[PDB]
Structures are given as structure tokens and as C-alpha cells.
RNA sequence: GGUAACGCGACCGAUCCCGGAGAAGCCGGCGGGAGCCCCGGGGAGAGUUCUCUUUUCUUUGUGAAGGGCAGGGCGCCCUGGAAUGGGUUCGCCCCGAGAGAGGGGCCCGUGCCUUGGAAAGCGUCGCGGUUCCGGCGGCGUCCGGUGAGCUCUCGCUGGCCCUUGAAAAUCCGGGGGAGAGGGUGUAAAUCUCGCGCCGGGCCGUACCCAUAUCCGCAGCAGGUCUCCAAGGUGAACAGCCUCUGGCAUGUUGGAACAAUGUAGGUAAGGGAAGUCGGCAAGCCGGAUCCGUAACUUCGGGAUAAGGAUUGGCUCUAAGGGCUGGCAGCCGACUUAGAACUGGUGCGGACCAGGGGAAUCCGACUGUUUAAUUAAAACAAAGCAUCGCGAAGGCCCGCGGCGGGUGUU
RNA sequence: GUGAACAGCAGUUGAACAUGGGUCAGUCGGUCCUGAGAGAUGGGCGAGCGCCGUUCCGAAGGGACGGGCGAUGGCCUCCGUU
Ligand SMILES: [Zn+2]
């Protein structure tokens with residue numbers, strides 16, 4: 001039975017203290033520090049709770065060390081908004097633009113009559 | 115099989131806090147535990163988040179409704195009064 | 206540490222300027238060449254003894270060669 | 275008590291819901307904003323909602339906090355101004371609306387950005403208008419009719435969260451957490467059980483009052499405890 | 514400072530310093546640990562100054 | 001490059017604007033992966049060996065850093081359109097706003113081995129230096145499937161709130177095109193890809209963490225903030241016996257065994273008849289099976305009140321995965337039944353309910369006079385009214401459009 | 001090393017006495033920031049040491065992308081330049 005002791009001065013059950021168990025080459029068991037892992041970045045839409053894939057869910061201080069394609073994906077609005085909401089905004093853009101064209105035609109007809 | 119005779123969701127409380135008080139509270143408790151049908155989709159997905167707010171599972175659209183119930187009779191009369199004032203303004 | 210797969214990359218690594226010291230680990234059925242660069246310790250595992258004996262002569266003379274026991 | 279103990283504890287409740295700043299766009303125009311999301315704010319019983327506007331001169335994404343009305347949804351265009359149409363969730367001046375309109379978040383004076391009648395399930399009712407010199411009689415939920423100078427603006431509809439005090443309190447375990455969230459004055463102690471050296475109604479061996487509970491309005495501090503200038507008492511007969 | 518010990522040794526004795534590790538005694542004195550390069554031996558530089 | 005999730009190696013770009021991590025409550029259930037345990041065979045050390053014993057115990061691998069393969073989650077995009085209603089959980093939910101059938105694809109991979117890495121370390125046997133020596137030589141550093149066993153981590157899902165569960169520094173992500181670069185090559189600018197070179201100031205690092213190092217006038221039975229936690233018995237982090245570790249009885253030793261003290265038990269027969277006072281003390285005790293009244297806010301009563309059983313040895317029956325209606329191979333625990341038999345013996349030591357009927361008060365959980373009263377005291381679920389529309393209700397103040405209520 | 005006093009007798013021993021050693025960091029925590037809260041200061045009050053307040057009646061950005069003009073270090077070429 002590995003009756004372990006402390007190594008640092010922090011004695012209490014602190015939530016910052018996150019360790020894991022691993023076997024040493026010297027055939028004894030001691031803790032190793034787990035790196036702090038964050039969540040995946042959520043899209044800027046808000047209506048879709050599905051987080052984006054292809055991005056390492058990690059502490060965002062690693063993003064200064066990561067490369068450019070590792071940070072953002074090669075897609076329009078990369079790593080900011082999902083392509084479903086992008087094409088929904090494009091459909092809304094085209095439909096409201098054609099509606100404004102119809103309103104312009106009706107305004108031209110209103111100026112033609114009165 | 116038959117669980118209880120006449121008591122319902124207040125039956126987990128038991129002998130405490132009287133009979134008529136629990137009988138009065140039961141009508142509000144069943145009305146808040148029974149989910150309502152949405153207007154956009156129509157599916158019974160309106161989950162009670164907190165007071166004056168309702169969350170939908172299918173549409174994912176927050177609807178600010180009543181405290182305990184979804185639509186009150188007072189809100190129906192307010193909507194009818196707004197309809198009447200709109201028709202009176204339109205003439 | 207990293208592993209060099211081909212003989213040509215190992216020769217281009219051994220002919221560098223910052224090559225400190227190579228060592229030879231002679232275990233059974235394998236000859237491990239370990240070259241000490243600045244960042245990694247680059248290793249070459251050769252299972253053929255005749256190819257390893259040819260490569261040991263193919264080492265350049267301007268390098269600290271040591272056979273580890 | 276004077277302070278630092280009986281005060282309401284406000285830590286997670288951030289900010290307050292204020293009415294939009296007046297300008298020419300609220301004087302003789304209108305403008306459209308969107309509803310972002312509604313959320314139950316801590317402390318206040320009624321939930322709040324984010325209403326996003328834009329500045330006509332600048333280019334920052336503005337936001338405004340309003341009281342959430344009953345029967346409203348997120349992702350909706352809200353117009354606001356004098357020339358706006360009549361619908362649910364629309365702030366507009368009182369001189370444009372007709373009489374008999376259920377409004378809330380009303381101003382007692384033009385400029386204070388909304389004070390009267392904006393709690394959980396409350397609305398003030400406009401009785402009648404006056405075209406000359408801009409006067410308006412508005413009945414408050416107490417019953418009194420106040421005269422308002424008709425320069426203010428108010429939204430349309432009742433406040434969401436109506437009928438919260440109809441059900442009695444279930445248990446003291448819920449009551450302890452509720453009053454711990456609200457304000458630390460819940461263990462209400464009887465003044466007879468209190469000591470006579472601090473509370474005036476204390477003292478004596480038996481549990482008796484022995485003095486009239488009615489008190490004059492002209493009274494200093496320490497004595498002024500009880501029914502303050504009670505005209506009548508007991509069961510309310512009729513109105 | 515740890516660099517000031519290195520400059521003070523390099524100006525006087527003219528010898529290179531690898532690293533400097535210092536502590537403070539409970540009696541109230543700083544105790545340094547000057548690592549030397551292997552080209553100049555510590556026993557030899559002690560025999561040069563005279564101490565043993 | 002691909003219809004696509006996305007990937008490869010660097011693959012521009014200001015002011016300003018937007019979004020994310022930061023940065024979030026509690027509980028119940030399920031699944032996967034590790035660590036510690038369990039077993040068969042094979043190895044190195046010892047004990048038992050009047051008798052048997054293929055017996056008993058110690059032990060048997062790998063870090064950080066890069067990559068691949070398992071294995072999970074998929075609310076990720078296509079071929080196609082489903083009611084005689086389908087896939088599906090321990091539980092459920094979803095579905096012409098797109099189910100089952102099919103192909104790809106990213107996220108985490110701590111499990112596998114490869115570079116690190118056997119060189120080191122652990123033993124056994126021998127060779128020296130009488131010694132100073134990361135000394136010297138041979139061998140091992142294993143072969144496998146499992147388990148509601150205990151612990152840790154991750155994932156899925158639901159419930160609870162009249163309570164909605166924190167702020168600040170920091171970073172990159174996205175539109176955006178005013179500018180910097182040039183005439184056909186050794187082009188210019190641009191480099192978040194692999195590299196190469198130099199440094200990262202100052203403060204503290206010893207010991208205890210408790211019936212001898214903290215506080216209590218002191219080697220003071222008191223108080224005393226946290227981590228790690230073997231085998232059997234057993235539902236149990238309950239109680240008892242053993243493994244590792246620690247210990248030599250806590251301001252003293254020897255001798256006989258008076259009365260009266262302190263802590264325990266045993267006591268023929270009656271069993272609260274003594275005493276304000278079954279006060280103290282004593283009995284019942286667990287599990288299985290049968291079975292249960294008065295009154296009732298129908299929820300409780302209730303374990304109501306009550307009864308039968310409690311060993312050893314040796315059998316029978318019932319419930320599963322893999323491969324090719326069908327046969328073989330691996331199998332982990334529970335339940336039911338029968339005879340023989342032990343001096344009626346069995347929850348053989350530990351754990352271990354007193355009920356039934358009445359009267360008064362208070363519903364009750366809860367706070368409580370540190371140190372004579374824990375209760376019918378208080379908090380209290382419900383009800384009843386008083387004042388007040390910010391030119392004011394209340395409180396504080398010596399003062400300043402004073403502060404609190406009022407973020408109302 | 002010692003045997004003046006203590007360890008309720010006892011002691012060669014001990015946290016007893018005297019001489020000496022013993023704590024080494026680019027990678028460990030503080031250092032950076034804010035929370036509850038405190039507080040300088042505009043302003044005002046107060047005979048008075050001083051008091052109210054944290055935006056409250058205020059002449060509140062001492063920072064910076066680019067263009068022009070004189071000048072310097074390296075052939076003022078290009079950058080820290082002014
Ligand atoms: Zn809907």
C-alpha cells in the first residue's frame with residue numbers, strides 16, 4: 001500500500017491541485033501534474049449549442065504557441081461561426097435583398113401612378 | 115398498478131402541512147409539471163426554467179411567459195384589449 | 206528524442222556543425238547509433254549487423270565516436 | 275436598527291433596468307432594435323431581457339435592459355418612438371395613445387427613465403386625457419389618480435411573473451433560503467418577548483399589552499412603534 | 514546579486530563562472546555556491562591563493 | 001484536395017467592431033479507461049518436513065517530450081424517404097423541421113509498443129582492493145483470462161430552486177481593405193514550418209504538526225485547520241483477529257491480600273410490594289416466513305400488537321460468452337429441495353427495538369442563558385389591518401442636494 | 001566533550017551546558033490582477049487635530065498611425081533617432 005506524503009506546501013484539497021497517477025521507471029508510484037484543459041470555443045451565433053470541431057479544447061494560453069491553421073480552420077468565418085448559421089445568414093441576406101428589390105419596384109410604381 | 119388513492123405529486127410530503135393546503139397547491143404543481151405545446155413547432159417541449167421564463171427543446175427559443183402557468187386568462191384579456199384598441203385606432 | 210529512418214538523413218545529421226558526440230549501443234540483434242544534437246538525441250536502430258558495420262566505417266572521422274558498454 | 279445589518283445583500287445582481295435616453299429619435303421619430311435573450315435576474319422577481327439598439331451617430335453595439343412583459347419571445351424586432359404602431363412591447367408617449375391603455379414602467383416626471391409600476395405583475399391605468407396644457411390622469415394600483423404632464427413614455431403590456439404571491443409558503447426551509455437571499459430580517463421577534471430596556475412594549479411578568487397601540491404621527495424615534503395613525507382597525511367591512 | 518558575484522570574481526581573480534547558487538544562513542550570512550569550469554580546478558585555484 | 005465535416009508546411013495586411021475561453025450551484029442513475037487487490041503455470045531467496053504436505057510467504061517494469069494504433073463521445077455533411085409505425089435506455093427522449101440501411105470525417109486518447117530505455121535500478125552466486133572503487137563477471141527482470149471487489153478520472157442523461165449559483169489581468173478567433181511589392185527572374189515584400197545563438201532579477205527552502213516542540217502559569221486526559229488508508233469475517237469507511245510502521249504503560253519499584261472506597265460481573269425463591277419518582281440497573285434484540293386493530297388530515301399507524309427457524313458432512317435443480325432449430329470450447333455468483341449426523345446444539349465472542357392503552361401543552365426539523373433549567377421558551381406554516389406615489393414612509397447623524405432602504 | 005541545575009527516586013541518556021556544521025531553484029510559491037472591503041484626490045463642511053464621498057459642482061487622453069519642414073551616429077542610405 002503506497003502511503004504517500006506531500007511534496008509541496010499546499011496541504012488542503014484545492015481545486016487547482018489536479019494530479020494523476022503514473023508508474024515511474026524506478027518501480028514506484030508518485031503523482032504527476034495534469035495540465036489545465038479548457039473547453040471548446042462556442043460559436044458567436046448562440047442559437048446553436050454545438051461547439052466547433054477541429055479546434056483543440058485547451059487552456060487558451062496555448063493558442064500563442066499554436067500555428068495558424070491549428071488555430072483557425074480553412075473556411076469562411078473560421079472558428080467564429082458554424083457553416084449552418086453562415087448559410088442561413090446568406091439565405092436571409094438574399095431573401096431580404098430580393099424583398100427590398102420588390103419594395104423598390106413598388107415604390108417606382110407608386111411614383112409612376114401618384 | 116394503482117400507486118395511490120387520491121394523493122398525487124404532494125404525496126411525497128405525506129402528513130405534513132395539512133390536507134386543504136396541499137390540495138390547493140396540487141393544482142399549481144400539476145400545471146407547472148405538465149409541459150405545454152409550443153406555437154412555433156407544436157411539440158410538448160416547453161420546460162420550466164424559472165419564474166417568468168420558458169425554454170423550448172426543439173426550437174431553442176426563450177419565451178418570457180407567466181410565473182406558474184404559461185398563458186393566463188388576464189394575459190388573454192390583455193391581448194383582446196390590444197386587439198380592440200388596434201381595431202379602434204384603425205377604424 | 207527522435208528516430209532517423211533513412212541512412213541519408215542520418216549522414217546529413219552526422220555531417221552537421223553542431224554534432225557533439227555519437228555513441229553506439231551494442232545489444233542483441235540491433236546496433237543503435239545515437240547522435241547528440243542541440244535539441245534532440247537522434248537515434249538510428251539498424252537490425253542488420255553487416256549494414257551497421259558498413260555504416261560504422263561510413264561515419265566521418267571528425268566526430269566523437271564512443272561504444273557504450 | 276440603522277444600517278449594515280438589515281440591508282439587502284446585492285452581489286450577483288449587477289446593474290438596473292433603465293429606460294432609453296430621450297432625443298429627437300424619441301421625440302419626432304422611431305427606431306428599431308432586436309431582442310437578444312431573456313434571463314431571470316437574481317434579487318428581482320421579474321426577469322429581464324437584453325434589447326440591442328445602435329447609436330445613430332456612433333458605431334458601438336448598444337444594449338438596454340427592460341422589464342420582460344407577459345407573453346413575449348426572443349429574436350423579435352421592437353420598434354420605439356412616437357410614430358410607432360400599436361403592438362405588445364412598444365414604448366411611446368402618452369399623448370399619442372388613447373385612453374384605457376394598460377401600461378407599465380411609467381415615469382412620474384419626464385427624465386427619470388422609468389420609476390412607477392414596474393414590479394412583478396403591476397400596471398397603472400390611464401383614465402382620461404386632456405389636450406390642453408398636456409395633462410393626463412393615471413390611476414395607480416393603490417387607487418389614487420395622479421396627474422402626469424404627458425411628456426413621458428411607457429411600454430405596453432403587463433409585467434411577466436404574475437400571481438407569485440397567490441400560493442402560500444410551503445416550508446420554513448424554503449423560507450430561510452428565500453429571506454437569506456433577500457434581506458436578513460426574517461426572525462421577527464415579538465416586542466413583548468423583547469427586553470423593555472430597548473423595546474418600549476416589553477416588560478412585565480405576564481404576556482400583556484396594557485397600553486393603546488394607536489400612536490400620534492408627531493412622535494420621536496424609539497417611541498414610534500405600532501399602527502402609525504390608524505384610522506380604523508379589524509376586519510375590513512365592505513370597501 | 515548572483516550576477517554581481519560573477520562580475521566581482523571575474524574582475525579580481527580572472528576566472529569564468531558557470532552558475533551562482535546562494536542561500537542565507539540563520540546566523541545572518543549569505544552562502545554562495547560558485548560553480549567553476551573544469552579547465553581551472555578548484556583545488557588548484559585554492560592552492561594558488563594559499564588556503565587548504 | 002473533396003458536395004461536405006476537415007487536413008497539409010510557412011501561405012500578408014491598420015483604425016474600429018463582434019464573439020469565446022477566462023468564468024462557475026447541488027443531487028440521483030449508468031457506461032468506459034486507469035491504479036490497488038484476486039487466481040493458474042514458470043523463476044530467485046528462506047520456514048515447516050516424529051507424520052503428511054506438487055506446502056507457506058517476499059518478488060516479477062517504465063517518466064517528461066514527438067508519432068501511430070486501440071477505445072469512447074458525435075446536436076457533423078452526403079445516397080435515400082419512413083404508419084400496419086420504426087431504431088433505442090438501468091430510466092427515457094427523439095422522428096417528412098427528416099428514423100432505421102450505407103460511405104467518409106474531425107475531438108480526447110493517460111490503454112499498447114516504438115526514440116528516450118537497460119546503459120540505470122531490483123535480487124542470486126563467485127572474484128578481488130584487509131581499504132579507496134555509479135567495481136567486475138553468468139541468470140531472471142515472465143507467460144494470461146477475468147471480477148456489480150475498493151479508489152481516481154472522463155463521458156451520457158434526468159431531477160431540484162418563490163434561492164439561479166462571482167468579478168479582474170490575459171490571449172488568439174471573425175468581417176475590414178488605406179497602405180507597404182514587382183516586371184518576368186538570382187523577382188521584391190511576406191514568414192505563426194523545421195532550425196541555430198544568448199539569458200530569465202529578488203524573497204523563503206533545516207525540524208515538529210502532537211497524552212515532550214501550537215495554546216492553556218507546566219512532559220497539561222482539554223481545544224486542535226488538511227492528504228495518503230492492507231486480508232478474512234460481514235450489506236457496511238460499523239465491531240473483532242492478523243500484514244507494513246511505531247511502542248516499551250505514560251510524576252516510581254518489591255511484598256503479602258485487612259476493613260472500607262472505584263470499575264466490573266455471578267447470584268437458590270418472590271418480582272417495583274422500598275422510595276415523590278421501574279431514578280439507576282436488568283430483559284427483549286439481527287435475518288427469513290406468516291400476519292396485523294382502534295382513530296385518521298387516508299399519506300401515517302407499523303418493525304403495531306403477535307408467532308416458527310437459526311450447526312457439520314455429502315448431493316440434486318435453475319439462471320451466460322466464442323466458433324461453425326443445430327454441436328463443441330470457456331464458465332462467476334445467487335436461490336430452492338432432500339437424507340445422514342452433533343449431549344436441543346446453533347444472530348454459540350462482536351454488533352444488537354421494550355411495547356400497549358389514556359390526560360395536558362406545544363405541530364414537528366431547527367436556535368438557546370460558554371459554566372445549575374432544554375423545555376409548554378423562541379424561530380413558526382396561516383390570518384388581520386396602519387402609513388407612503390421620491391416635493392415623500394422609517395432609521396442614523398455635529399455638519400456638506402449627507403447615508404441606508406434604493407441595483408427600490 | 002561535559003557531569004553545576006531539570007526530566008517529582010533514578011540516569012552514562014534526553015529538546016540539559018559549551019564549541020562547531022547544517023536550508024543551493026530560468027522550470028517550486030510570493031511577485032501580475034481583481035472579489036468582500038479600505039482609501040488618496042476634484043468639491044464642500046468644520047475654531048480645531050480634521051470630517052462626507054469614491055465621480056461627488058471639475059480646464060481629467062503628456063498617448064499614438066501617417067504628411068511637411070532644419071539638424072545630427074554610421075558615405076544622413078535605413079532604423080532607436082530628435
Ligand atoms: Zn416550437
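Chains as they are written, first to last, in our numbering: chain C, 1 to 114; chain B, 115 to 205; chain W, 206 to 274; chain Z, 275 to 513; chain D, 514 to 565. C-beta atoms are modelled at their ideal positions from N, C-alpha and C, and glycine is treated no differently.
Check: chain Z beta carbons: is any one of them nearer than 8 Å to that of residue 179/B?
Finding: yes
Item checked: Beta-carbon proximity check, residue 328/Z vs residue 394/Z, cutoff 8 Å -> no
Check: Just by C-beta distance, which residues in the segment 413 to 436 of chain Z are closer than 8 Å to chain B?
Finding: 430, 431, 432, 434, 435, 436
Note to self: Below 8 Å on C-beta distance, what does residue 441/Z contact in chain B?
What the structure shows: 138, 139, 142, 182
Notebook entry, point to check: Helix, strand or coil: which one does DSSP assign to residue 196/B?
Noted result: helix
Margin query: Taking 8 Å as the cut-off, does the segment 180 to 200 of chain B touch the segment 207 to 217 of chain W (at least 3 CB pairs, one atom from each stretch)?
Written below: no
Notebook entry, point to check: Under the criterion of a Cβ to heavy atom distance below 7 Å, does residue 155/B qualify as lining ligand 1?
Noted result: yes
Notebook entry, point to check: Pick from 535/D, 530/D, 549/D, 524/D: whose alpha carbon is nearest that of residue 514/D?
Noted result: 535/D
Notebook entry, point to check: Looking at C-beta atoms only, is the number of pairs between the segment 198 to 205 of chain B and the segment 231 to 240 of chain W that lie closer than 8 Å three or more?
Noted result: no
Checklist line | residue 169/B: first and last residue of the uninterrupted alpha helix (DSSP H) it sits in | finding: Residue 169/B -> not in any alpha helix (DSSP H); beta strand (DSSP E) instead, spanning 167 to 170.
Note to self: Going by beta-carbon coordinates alone, are residue 429/Z and residue 363/Z separated by less than 8 Å?
What the structure shows: yes
Next item on the list: Check the Cβ-Cβ distances between residue 176/B and every residue of chain Z, and say whether any is below 8 Å.
Entry: yes
Item checked: Residue burial classification, residue 410/Z (beta-carbon count within 10 angstroms, cutoff 16) -> buried
Note to self: Taking 8 Å as the limit between beta carbons, can you name the residues of its chain near residue 372/Z, skipping five residues before and five after?
What the structure shows: 403
Note to self: Would residue 189/B pass as an interface residue toward chain Z - the criterion being a Cβ-Cβ separation below 8 Å?
What the structure shows: yes
Margin query: Within 8 Å of any Cβ in chain B, is that where the Cβ of residue 311/Z sits?
Written below: yes
Notebook entry, point to check: With a CB to CB cut of under 8 Å and the five nearest residues on each side skipped, what residues in its chain are close to residue 378/Z?
Noted result: 341, 343, 391, 392, 396, 397, 398, 428, 429, 431, 432, 433
Check: Taking any Cβ of chain B, which residues in the segment 370 to 388 of chain Z have a Cβ under 9 Å from it, in chain order?
Finding: 371, 372, 374, 375, 376
Checklist line | Residue span of the beta strand (DSSP E) that contains residue 305/Z, given as start and end | finding: 304 to 313
Checklist line | Integer Cβ distance of residue 147/B from residue 123/B, believed to fall under 8 Å | finding: 6 Å
Check: In the segment 410 to 435 of chain Z, which residue ranges form an unbroken beta strand (DSSP E) of at least 3 residues, counting only runs that do not cross its ends?
Finding: 419 to 422, 427 to 430
Next item on the list: Put residue 403/Z into one of helix, strand or coil per three-state DSSP.
Entry: strand
Note to self: Counting only Cβ pairs nearer than 8 Å, list the residues of chain B close to residue 347/Z.
What the structure shows: 175, 176, 177, 178
Notebook entry, point to check: When DSSP labels each residue in this structure, what does residue 1/C get in the three-state scheme?
Noted result: coil
Next item on the list: Out of 47/C, 20/C, 107/C, state which residue places its alpha-carbon closest to the alpha-carbon of residue 35/C.
Entry: 20/C
Notebook entry, point to check: Less than 7 Å between the CB of residue 172/B and some heavy atom of ligand 3, yes or no?
Noted result: Ligands displayed in this structure: ligand 1; ligand 3 is not among them.
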